[PDB]
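Asker: If it helps, the file is called data_21.txt and holds compact mmCIF, C-alpha atoms (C1' of nucleotides):
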```
# COMPACT_ATOMS: atom_id res chain seq x y z
CA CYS A 360 -12.73 -12.32 -24.06
CA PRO A 361 -16.50 -12.33 -23.48
CA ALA A 362 -17.89 -12.16 -19.95
CA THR A 363 -19.13 -15.76 -20.25
CA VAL A 364 -15.56 -17.10 -20.45
CA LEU A 365 -13.72 -14.64 -18.18
CA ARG A 366 -13.03 -17.15 -15.41
CA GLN A 367 -12.39 -19.80 -18.06
CA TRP A 368 -9.60 -17.75 -19.67
CA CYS A 369 -7.90 -17.28 -16.31
CA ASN A 370 -8.31 -21.02 -15.63
CA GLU A 371 -6.11 -22.27 -18.47
CA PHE A 372 -3.43 -19.79 -17.43
CA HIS A 373 -3.59 -21.21 -13.90
CA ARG A 374 -3.57 -24.85 -14.98
CA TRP A 375 -1.30 -24.99 -18.05
CA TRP A 376 1.16 -22.25 -17.16
CA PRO A 377 1.16 -21.13 -13.51
CA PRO A 378 4.37 -19.08 -14.14
CA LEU A 379 2.26 -16.66 -16.19
CA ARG A 380 0.64 -14.08 -13.94
CA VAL A 381 -2.81 -12.79 -14.93
CA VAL A 382 -5.02 -9.78 -14.17
CA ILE A 383 -8.62 -9.33 -15.31
CA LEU A 384 -9.98 -5.80 -15.87
CA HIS A 385 -12.39 -5.50 -12.93
CA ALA A 386 -12.36 -4.42 -9.28
CA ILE A 387 -9.68 -7.11 -8.82
CA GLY A 388 -7.54 -9.17 -11.18
CA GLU A 425 -11.08 5.14 -8.90
CA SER A 426 -7.58 4.96 -7.40
CA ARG A 427 -7.88 1.22 -6.71
CA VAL A 428 -7.39 0.41 -10.40
CA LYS A 429 -4.35 2.72 -10.30
CA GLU A 430 -2.71 0.72 -7.51
CA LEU A 431 -3.64 -2.25 -9.70
CA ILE A 432 -1.71 -0.49 -12.48
CA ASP A 433 1.27 -0.23 -10.12
CA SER A 434 3.45 -3.19 -11.14
CA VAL A 435 0.94 -4.60 -13.64
CA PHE A 436 3.54 -4.16 -16.39
CA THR A 437 6.63 -5.44 -14.60
CA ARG A 438 5.02 -7.85 -12.13
CA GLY A 439 1.83 -8.32 -14.14
CA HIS A 440 2.32 -10.54 -17.20
CA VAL A 441 -1.08 -10.96 -18.89
CA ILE A 442 -4.07 -8.61 -18.59
CA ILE A 443 -7.59 -9.89 -19.28
CA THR A 444 -10.42 -7.66 -20.46
CA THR A 445 -14.11 -8.13 -21.16
CA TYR A 446 -15.11 -6.63 -24.48
CA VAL A 447 -17.38 -4.17 -22.69
CA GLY A 448 -14.93 -3.24 -19.96
CA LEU A 449 -12.16 -1.50 -21.88
CA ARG A 450 -14.14 1.77 -21.83
CA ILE A 451 -14.25 1.70 -18.04
CA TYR A 452 -10.50 2.09 -17.51
CA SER A 453 -9.20 2.93 -21.00
CA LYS A 454 -7.69 6.19 -19.68
CA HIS A 455 -4.71 4.26 -18.26
CA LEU A 456 -4.57 1.26 -20.63
CA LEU A 457 -4.29 2.55 -24.22
CA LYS A 458 -1.45 4.91 -23.29
CA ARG A 459 1.47 2.62 -22.43
CA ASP A 460 2.99 0.22 -24.96
CA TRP A 461 1.91 -3.43 -25.24
CA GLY A 462 3.26 -6.70 -26.57
CA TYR A 463 1.17 -9.63 -27.80
CA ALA A 464 -2.53 -8.98 -28.38
CA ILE A 465 -5.35 -11.54 -28.36
CA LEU A 466 -9.02 -10.86 -29.03
CA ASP A 467 -11.47 -13.77 -28.72
CA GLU A 468 -14.20 -11.94 -30.64
CA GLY A 469 -14.70 -12.04 -34.40
CA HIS A 470 -18.37 -11.09 -34.62
CA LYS A 471 -18.19 -7.94 -32.47
CA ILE A 472 -15.75 -6.24 -34.85
CA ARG A 473 -17.43 -6.86 -38.21
CA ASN A 474 -17.41 -3.76 -40.43
CA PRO A 475 -15.58 -0.50 -39.59
CA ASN A 476 -16.96 2.80 -38.26
CA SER A 477 -18.06 1.79 -34.75
CA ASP A 478 -17.01 1.95 -31.09
CA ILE A 479 -15.08 -1.21 -31.99
CA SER A 480 -12.47 0.74 -33.94
CA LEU A 481 -12.65 3.50 -31.33
CA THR A 482 -11.49 1.15 -28.55
CA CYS A 483 -9.38 -1.57 -30.22
CA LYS A 484 -7.43 -0.43 -33.29
CA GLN A 485 -5.71 2.33 -31.29
CA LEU A 486 -3.56 -0.31 -29.58
CA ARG A 487 0.19 0.02 -30.18
CA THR A 488 1.57 -3.39 -31.20
CA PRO A 489 2.19 -5.28 -34.47
CA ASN A 490 1.21 -8.53 -32.72
CA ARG A 491 -2.57 -8.75 -33.26
CA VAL A 492 -4.44 -12.08 -33.26
CA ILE A 493 -8.20 -12.72 -33.40
CA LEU A 494 -9.67 -16.04 -32.26
CA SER A 495 -12.93 -16.67 -34.13
CA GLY A 496 -13.96 -19.21 -36.76
CA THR A 497 -16.80 -17.05 -38.09
CA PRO A 498 -15.30 -13.70 -39.16
CA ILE A 499 -17.05 -13.54 -42.54
CA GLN A 500 -20.83 -13.76 -42.28
CA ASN A 501 -22.23 -10.50 -43.68
CA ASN A 502 -19.89 -8.96 -46.28
CA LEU A 503 -16.27 -8.38 -47.32
CA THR A 504 -16.33 -4.99 -45.58
CA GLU A 505 -16.15 -6.97 -42.34
CA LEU A 506 -13.21 -8.81 -43.90
CA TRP A 507 -11.40 -5.54 -44.56
CA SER A 508 -12.10 -4.24 -41.06
CA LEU A 509 -10.87 -7.51 -39.51
CA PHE A 510 -7.74 -7.42 -41.68
CA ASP A 511 -7.11 -3.84 -40.52
CA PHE A 512 -6.74 -4.90 -36.89
CA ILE A 513 -4.10 -7.54 -37.62
CA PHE A 514 -2.19 -5.92 -40.50
CA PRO A 515 -1.68 -2.19 -41.25
CA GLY A 516 -3.29 -2.53 -44.68
CA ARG A 517 -1.41 -4.88 -47.05
CA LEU A 518 -4.41 -4.40 -49.36
CA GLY A 519 -5.27 -0.71 -49.21
CA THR A 520 -7.70 1.82 -47.82
CA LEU A 521 -11.46 1.27 -47.48
CA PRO A 522 -12.13 3.18 -50.73
CA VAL A 523 -9.31 1.17 -52.34
CA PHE A 524 -10.64 -2.09 -50.87
CA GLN A 525 -14.10 -1.36 -52.26
CA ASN A 526 -13.15 -0.01 -55.70
CA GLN A 527 -10.82 -2.98 -56.23
CA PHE A 528 -13.28 -5.88 -56.16
CA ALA A 529 -16.46 -5.06 -54.19
CA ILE A 530 -18.89 -4.63 -57.11
CA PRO A 531 -17.26 -7.22 -59.49
CA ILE A 532 -17.65 -10.05 -56.96
CA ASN A 533 -21.30 -9.14 -56.34
CA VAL A 534 -22.29 -8.75 -60.00
CA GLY A 535 -20.09 -11.69 -60.96
CA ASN A 542 -19.02 -13.76 -68.72
CA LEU A 543 -17.74 -10.16 -68.61
CA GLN A 544 -17.13 -10.53 -64.87
CA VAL A 545 -15.81 -14.01 -64.05
CA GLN A 546 -12.24 -14.21 -65.39
CA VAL A 547 -11.07 -10.69 -64.52
CA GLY A 548 -12.98 -11.14 -61.28
CA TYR A 549 -11.37 -14.57 -60.87
CA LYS A 550 -7.88 -13.07 -60.97
CA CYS A 551 -8.80 -10.01 -58.89
CA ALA A 552 -10.19 -12.39 -56.24
CA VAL A 553 -7.34 -14.93 -56.26
CA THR A 554 -5.00 -11.98 -55.75
CA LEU A 555 -6.96 -11.11 -52.60
CA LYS A 556 -6.97 -14.76 -51.52
CA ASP A 557 -3.17 -14.92 -51.81
CA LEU A 558 -2.85 -11.51 -50.12
CA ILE A 559 -4.88 -12.34 -46.99
CA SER A 560 -4.57 -16.15 -46.90
CA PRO A 561 -1.31 -16.06 -44.87
CA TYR A 562 -3.12 -13.83 -42.39
CA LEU A 563 -6.00 -16.07 -41.21
CA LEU A 564 -6.01 -19.84 -40.77
CA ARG A 565 -8.84 -21.96 -42.20
CA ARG A 566 -9.97 -25.38 -40.96
CA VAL A 567 -13.31 -27.18 -40.96
CA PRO A 576 -24.06 -37.87 -37.08
CA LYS A 577 -26.08 -36.96 -40.17
CA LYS A 578 -28.62 -34.16 -40.60
CA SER A 579 -32.01 -33.93 -42.31
CA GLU A 580 -33.19 -30.55 -43.57
CA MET A 581 -36.94 -30.68 -44.22
CA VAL A 582 -38.46 -27.29 -45.05
CA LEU A 583 -42.26 -27.02 -44.97
CA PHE A 584 -43.95 -24.34 -47.10
CA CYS A 585 -47.20 -23.46 -45.35
CA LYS A 586 -49.66 -20.91 -46.70
CA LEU A 587 -51.10 -17.69 -45.32
CA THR A 588 -54.55 -18.26 -43.85
CA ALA A 589 -57.55 -16.21 -44.97
CA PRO A 590 -57.50 -13.98 -41.83
CA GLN A 591 -53.74 -13.77 -42.42
CA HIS A 592 -54.20 -12.87 -46.09
CA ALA A 593 -56.71 -10.17 -45.12
CA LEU A 594 -54.32 -8.57 -42.62
CA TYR A 595 -51.53 -9.01 -45.18
CA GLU A 596 -53.37 -7.10 -47.91
CA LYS A 597 -54.60 -4.47 -45.43
CA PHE A 598 -51.06 -3.64 -44.32
CA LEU A 599 -49.88 -4.15 -47.91
CA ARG A 600 -51.96 -1.21 -49.18
CA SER A 601 -51.46 1.55 -46.60
CA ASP A 602 -49.78 4.95 -46.35
CA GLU A 603 -47.13 3.85 -43.83
CA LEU A 604 -45.34 1.54 -46.29
CA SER A 605 -44.95 4.28 -48.90
CA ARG A 606 -43.94 6.71 -46.14
CA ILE A 607 -41.21 4.26 -45.11
CA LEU A 608 -40.10 3.76 -48.73
CA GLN A 609 -39.70 7.45 -49.54
CA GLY A 610 -37.29 7.92 -46.65
CA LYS A 611 -38.81 9.43 -43.50
CA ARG A 612 -38.58 6.00 -41.84
CA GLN A 613 -36.55 2.80 -42.23
CA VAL A 614 -37.50 -0.47 -43.91
CA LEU A 615 -36.38 -2.26 -40.71
CA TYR A 616 -39.68 -1.25 -39.07
CA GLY A 617 -41.83 -2.41 -41.98
CA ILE A 618 -40.35 -5.89 -42.33
CA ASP A 619 -40.48 -6.44 -38.56
CA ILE A 620 -44.27 -5.89 -38.64
CA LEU A 621 -44.82 -8.07 -41.72
CA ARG A 622 -42.92 -10.82 -39.89
CA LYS A 623 -45.07 -9.94 -36.85
CA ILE A 624 -48.13 -11.14 -38.81
CA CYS A 625 -46.51 -14.26 -40.27
CA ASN A 626 -45.69 -15.68 -36.82
CA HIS A 627 -49.41 -15.33 -36.04
CA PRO A 628 -52.17 -12.75 -36.67
CA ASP A 629 -52.55 -11.79 -33.02
CA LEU A 630 -49.14 -10.09 -32.76
CA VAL A 631 -49.90 -6.92 -34.76
CA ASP A 632 -52.33 -5.81 -32.05
CA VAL A 633 -51.86 -2.49 -30.26
CA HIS A 634 -52.77 -4.05 -26.90
CA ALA A 635 -49.97 -6.66 -27.10
CA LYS A 636 -48.63 -6.12 -23.57
CA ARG A 637 -52.13 -5.59 -22.15
CA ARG A 638 -53.30 -9.09 -23.14
CA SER A 639 -50.07 -11.10 -23.50
CA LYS A 640 -50.27 -12.99 -20.19
CA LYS A 641 -53.68 -11.99 -18.82
CA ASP A 642 -55.99 -12.85 -21.75
CA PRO A 643 -56.23 -16.60 -22.48
CA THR A 644 -57.40 -16.03 -26.05
CA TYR A 645 -54.41 -13.97 -27.21
CA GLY A 646 -52.51 -17.08 -28.29
CA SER A 647 -55.16 -19.27 -29.97
CA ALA A 648 -54.34 -21.89 -32.61
CA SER A 649 -54.66 -22.66 -36.32
CA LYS A 650 -54.76 -18.92 -37.06
CA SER A 651 -50.98 -18.64 -37.48
CA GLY A 652 -50.84 -21.03 -40.43
CA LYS A 653 -48.13 -22.93 -38.54
CA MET A 654 -49.86 -24.34 -35.41
CA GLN A 655 -51.06 -27.43 -37.31
CA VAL A 656 -47.55 -28.23 -38.58
CA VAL A 657 -46.51 -27.44 -35.00
CA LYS A 658 -49.20 -29.47 -33.20
CA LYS A 659 -48.77 -32.49 -35.49
CA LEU A 660 -44.98 -32.34 -35.68
CA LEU A 661 -44.48 -31.89 -31.93
CA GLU A 662 -47.05 -34.54 -30.98
CA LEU A 663 -45.34 -36.99 -33.34
CA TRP A 664 -42.40 -36.77 -30.93
CA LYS A 665 -44.33 -36.26 -27.69
CA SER A 666 -45.49 -39.88 -27.67
CA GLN A 667 -42.29 -40.93 -29.48
CA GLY A 668 -40.17 -39.43 -26.70
CA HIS A 669 -37.86 -37.25 -28.83
CA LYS A 670 -36.17 -34.33 -27.06
CA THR A 671 -36.75 -31.53 -29.55
CA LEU A 672 -35.75 -27.87 -29.86
CA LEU A 673 -38.33 -25.14 -30.46
CA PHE A 674 -36.67 -22.04 -31.87
CA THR A 675 -37.87 -18.42 -32.06
CA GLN A 676 -36.29 -14.97 -32.26
CA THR A 677 -38.78 -12.83 -30.32
CA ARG A 678 -39.81 -13.04 -26.67
CA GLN A 679 -43.22 -11.73 -27.77
CA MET A 680 -44.00 -14.85 -29.82
CA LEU A 681 -42.73 -16.88 -26.86
CA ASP A 682 -45.84 -15.70 -25.00
CA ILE A 683 -48.08 -17.10 -27.73
CA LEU A 684 -46.22 -20.40 -28.05
CA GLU A 685 -46.25 -20.62 -24.24
CA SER A 686 -50.00 -20.06 -23.92
CA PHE A 687 -50.44 -22.61 -26.72
CA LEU A 688 -48.32 -25.20 -24.93
CA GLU A 689 -50.01 -24.54 -21.58
CA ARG A 690 -53.34 -25.18 -23.30
CA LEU A 691 -51.83 -28.36 -24.77
CA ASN A 692 -50.78 -29.32 -21.22
CA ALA A 693 -54.30 -28.66 -19.94
CA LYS A 694 -55.83 -30.81 -22.69
CA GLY A 695 -53.37 -33.63 -22.07
CA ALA A 696 -53.73 -33.57 -18.28
CA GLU A 697 -57.53 -33.54 -18.39
CA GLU A 698 -57.51 -36.73 -20.47
CA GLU A 699 -55.29 -39.77 -19.87
CA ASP A 700 -52.53 -41.86 -21.50
CA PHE A 701 -50.45 -38.71 -22.01
CA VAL A 702 -47.46 -36.90 -20.46
CA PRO A 703 -46.87 -33.24 -19.50
CA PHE A 704 -45.22 -31.15 -22.19
CA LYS A 705 -42.81 -29.52 -19.69
CA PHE A 706 -41.41 -26.50 -21.55
CA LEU A 707 -39.21 -23.62 -20.42
CA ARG A 708 -38.16 -20.25 -21.83
CA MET A 709 -34.76 -18.57 -21.58
CA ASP A 710 -33.81 -15.07 -22.70
CA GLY A 711 -31.98 -11.90 -21.73
CA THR A 712 -34.64 -11.28 -19.10
CA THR A 713 -33.15 -14.09 -16.99
CA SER A 714 -29.77 -13.84 -15.25
CA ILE A 715 -26.31 -14.93 -16.33
CA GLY A 716 -26.26 -17.23 -13.28
CA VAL A 717 -29.11 -19.46 -14.46
CA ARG A 718 -27.65 -20.42 -17.89
CA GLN A 719 -25.88 -23.80 -17.62
CA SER A 720 -28.38 -25.01 -15.00
CA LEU A 721 -31.31 -24.99 -17.43
CA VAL A 722 -28.87 -25.92 -20.21
CA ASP A 723 -28.19 -28.98 -18.06
CA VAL A 724 -31.70 -29.78 -16.79
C1' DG B 1 -11.20 107.52 -111.98
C1' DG B 2 -15.21 105.63 -110.79
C1' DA B 3 -18.75 103.01 -111.55
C1' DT B 4 -20.20 99.02 -113.67
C1' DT B 5 -18.72 94.26 -112.68
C1' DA B 6 -17.89 91.22 -109.48
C1' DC B 7 -17.55 89.04 -104.96
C1' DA B 8 -17.24 89.18 -99.75
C1' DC B 9 -19.56 89.72 -95.55
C1' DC B 10 -23.19 88.86 -92.61
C1' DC B 11 -27.48 88.64 -90.95
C1' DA B 12 -32.20 86.91 -90.99
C1' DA B 13 -35.21 83.52 -92.08
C1' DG B 14 -35.00 79.17 -91.85
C1' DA B 15 -34.71 74.21 -89.93
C1' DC B 16 -33.60 70.04 -87.05
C1' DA B 17 -32.92 68.50 -83.09
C1' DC B 18 -33.06 69.34 -78.20
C1' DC B 19 -35.31 69.72 -73.43
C1' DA B 20 -38.61 68.74 -70.78
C1' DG B 21 -42.93 67.88 -69.37
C1' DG B 22 -47.34 65.93 -70.06
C1' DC B 23 -50.06 61.86 -70.46
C1' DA B 24 -51.03 57.71 -70.68
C1' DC B 25 -49.91 53.30 -69.26
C1' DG B 26 -48.87 49.95 -65.89
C1' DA B 27 -48.58 47.23 -62.48
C1' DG B 28 -48.03 47.52 -57.52
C1' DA B 29 -50.94 47.96 -53.54
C1' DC B 30 -54.78 47.71 -51.57
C1' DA B 31 -58.97 46.61 -49.17
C1' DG B 32 -62.85 46.06 -48.37
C1' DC B 33 -70.42 44.84 -41.09
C1' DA B 34 -68.85 44.42 -36.01
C1' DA B 35 -70.17 41.44 -32.11
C1' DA B 36 -71.39 36.72 -30.52
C1' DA B 37 -70.62 30.55 -30.84
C1' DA B 38 -70.56 26.24 -32.47
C1' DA B 39 -69.29 22.44 -35.16
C1' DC B 40 -65.51 20.96 -37.68
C1' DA B 41 -60.42 18.22 -40.45
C1' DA B 42 -56.18 18.99 -40.05
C1' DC B 43 -52.22 20.31 -38.47
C1' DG B 44 -49.58 14.74 -36.18
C1' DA B 45 -45.23 7.52 -34.64
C1' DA B 46 -37.85 4.32 -34.25
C1' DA B 47 -39.12 -2.90 -33.67
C1' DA B 48 -37.37 -5.71 -30.87
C1' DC B 49 -33.79 -8.49 -28.42
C1' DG B 50 -29.28 -9.32 -26.44
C1' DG B 51 -24.95 -8.53 -23.58
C1' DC B 52 -23.68 -6.45 -20.64
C1' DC B 53 -22.47 -2.73 -16.31
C1' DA B 54 -24.47 -0.62 -12.23
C1' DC B 55 -29.01 -1.22 -9.22
```
Show how you would write the structure in this file as C-alpha cells.
Answerer:
Amino acid sequence: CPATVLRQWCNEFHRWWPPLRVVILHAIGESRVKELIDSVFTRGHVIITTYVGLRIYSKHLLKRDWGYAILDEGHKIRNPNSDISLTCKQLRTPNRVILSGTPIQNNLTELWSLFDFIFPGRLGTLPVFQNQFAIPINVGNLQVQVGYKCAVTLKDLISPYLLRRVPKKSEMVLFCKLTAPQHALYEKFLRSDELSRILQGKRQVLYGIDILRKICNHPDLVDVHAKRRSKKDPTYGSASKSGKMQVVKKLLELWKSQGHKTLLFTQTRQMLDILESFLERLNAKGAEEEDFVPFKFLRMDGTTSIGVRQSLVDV
DNA sequence: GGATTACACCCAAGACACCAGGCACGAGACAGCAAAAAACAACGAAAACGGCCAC
C-alpha cells in the first residue's frame, strides 16, 4: 500500500479482525529486521509493505514462499520493463490481486503488464499480445468486424480477471488567443535550430513541448533568469500578458464577491509563483480600497511535508 | 658392272617466336621565408514535479 495509507491499512486489521496479526515493513511492524523475520511466518500472519520499501529488505522477503498477495497500486505498475517487474512479479504465489479502479489510462500495454501479475499469461507473450490486436484497435470498414471479434475475444479472456463497477457538472471550456507578445515569442521559438535538432534525434520532444507550454502559461516563464526574479522581482508575474489573466481576473472576481469556494489548478510550481504574485497584487489592490475581502490563497506541493496535508486540506 | 637414274641424308640458310630490357607512361609523393602578434568564428545544453527514504 502507499505510504499515505500505511497506518490506515493496519487500522482495519485491528478493528475488523483483531485475530489477524500484522507487520509493516519498517524499523518495527540490519539484524533487527532479521529478528523481525524470526516468527514472522508462523507467528506473523500479514506483512504490510510500502511500494518503495520492498527494495530495502527484499533480500529476505522474495526468497521464502507466500500465500495471498494484495497490491493497492494500479498506476505504479502500468507497462512492463521497469523496477516494478523487477520487485513484484518475482513473487511466488498464484494468488495475486490488485486494488485499483484506474488500471487502464495510457494504453493496452499497461493492461497486458497488469494481467501478467495476476495470471501467468492466459493471452500470450508481449510480442503475441501486440501482434494480436495492438495495431487493429488503433487503426480501427476493413478493420471493425475482424477487430470486433479479436477484441471481444480479449474481453471474454480477461473479463473474469478484473471486476468493473462505476450533483451535476458543467464543463465550460474557454478558447483564448495568443497575445501579440505571445505570438512573437511563439514564432521566434517556432523558427529556431533547437526544434529541428530535437526532431532529428539528438534530443527528446519532451523538452520542446515543455517550453512551448512554458510560454502559453505566460510569456515571462521562458526567461533564463527564472529563479533569479521569481520571488524577488515584483514585475515577473504581471497581468494580461498571459492571454488568460483576464479570463482569470473576471472569472475569479465573479466568485470573490459571490462567495464561491473555487479551485485553482496548475501543474508546475514555477507558474505558482506567477499566479501567487498576481494574487498578492490583487490582495494589495483590494485592501487599499474598501468594500472587498482578502483573497486568502495557499499553495501545496512536494516541497511541503507529508505531515501538513490533511490540515490544509481541512482548513 | 657401273654409272646413269633415282632418292636419302643432312646441313645451312632461313624464319618465327622468345627473352629481356629499354622507354615511356603514370600516378604516387612531395613540398615548397623564418621570426614576431593580434584579431578572429568555431569548435559547444536532459524540463519539471512528485513520492518517497535518509538528513
Asker: Please measure the separation of atom CA of residue 366 of chain A and atom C1' of residue 51 of chain B, giving the value in Å to one decimal.
Answerer: 16.8 Å
Asker: Please determine the contact residues of chain A with respect to chain B at a cut-off of 8 Å, counting all atoms listed in the file, and supply them as a PyMOL selection string.
Answerer: chain A and resi 447+612+615-616+619-620+676-678+711
Asker: Please return as a PyMOL selection string every residue within 9 Å of (-9.4, -4.5, -30.2), taking into account only C-alpha atoms (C1' of nucleotides) and the file's own coordinates.
Answerer: chain A and resi 446+464-466+468+472+479-486+491+493+512
Asker: Would you list the contacts of segment 563-577 of chain A as a tab-separated table (two decimals) with C-alpha atoms, keeping the file's coordinate frame, taking every protein, DNA or RNA residue within 9 Å and counting only C-alpha atoms (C1' of nucleotides), but skipping same-chain residues closer than 4 positions in sequence?
Answerer:
```tsv
chain	number	residue	atom	x	y	z
A	493	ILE	CA	-8.20	-12.72	-33.40
A	496	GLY	CA	-13.96	-19.21	-36.76
A	510	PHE	CA	-7.74	-7.42	-41.68
A	559	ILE	CA	-4.88	-12.34	-46.99
```
Asker: Rounded to one decimal in Å, what is the spacing between atom CA of residue 523 of chain A and atom CA of residue 476 of chain A?
Answerer: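 These atoms are spaced 16.1 Å apart.
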Asker: As an exercise, work out the distance from atom CA of residue 640 of chain A to atom CA of residue 666 of chain A in Å and give it to one decimal place.
Answerer: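 Spanning atom CA of residue 640 of chain A to atom CA of residue 666 of chain A is a straight-line distance of 28.3 Å.
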Asker: If we draw a sphere of 12 Å around (-13.3, -1.7, -46.1), which residues have at least one atom in it when counting all atoms listed in the file? Please report them as a PyMOL selection string.
Answerer: chain A and resi 473-476+502-512+516+518-529
Asker: Excluding residue 630 of chain A and residues on its chain fewer than 3 positions from it, collect all residues at most 10 Å away from it, counting all atoms listed in the file, and give them as a VMD selection string.
Answerer: chain A and resid 620 622 to 627 633 to 635 639 645 to 646 651 679 to 680 683
Asker: With only C-alpha atoms as the basis for distance, which of A:544, A:500, A:591, A:437 is at the shortest distance from residue 652 of chain A?
Answerer: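 Answer, going by the shortest atom-to-atom distance: A:591.
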Asker: Take every atom of segment 35-53 of chain B listed in the file, fit an axis-aligned box around them, add 3 Å per side, and give the centre and edge lengths in Å to one decimal as lines of an AutoDock Vina configuration file.
Answerer:
```
center_x = -46.9
center_y = 16.1
center_z = -28.4
size_x = 54.9
size_y = 56.8
size_z = 30.1
```
